[PDB]
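The structure under discussion appears below in the form of structure tokens.
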Amino acid sequence: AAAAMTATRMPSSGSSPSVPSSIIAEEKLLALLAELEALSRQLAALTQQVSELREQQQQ
Amino acid sequence: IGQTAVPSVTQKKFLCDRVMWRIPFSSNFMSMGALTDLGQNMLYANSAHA
């Protein structure tokens, strides 16, 4: 009634960026698709000359 | 404040020291003239109110 009455008396907000580091970029990209063919070409050339041992030993 | 901040009630009040409160006897609470409109309102004139 008196004394104190003179003054006065959720779910999901879904953030995303959190506490990780900063990020950067560059545009000098992508030789790498050539080596996948270099590697599998030269791999064949190994077997090709293993065959050239065998095809001369068989003579 | 901080991670261990205690649950808290919010209190609100105001001060208005040197002022003296006012209630204009005018039909819309504005100072349209010193002799107000209600002070001319000859219902509450001659046939006198308590």
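No lab work stands behind these numbers, since they all come straight from the coordinates. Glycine gets a Cβ as well: all are built from the backbone with ideal geometry, and neighbour counts include every protein chain shown.
Structure values in brief
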quantity: Exposure proxy order (Cβ contacts within 10 Å, fewest to most) of A:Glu26, A:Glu52; calculated: A:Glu26, A:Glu52
quantity: Order of A:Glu37, A:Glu27 - criterion: other Cβ atoms within 10 Å of each residue's Cβ, fewest first; calculated: A:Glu27, A:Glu37
quantity: Relative exposure of A:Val19, B:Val19, judged by other C-beta atoms within 10 Å (fewest first); calculated: A:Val19, B:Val19
quantity: Chain A versus the range B:1-38: alpha-carbon centroid distance in Å; calculated: 63
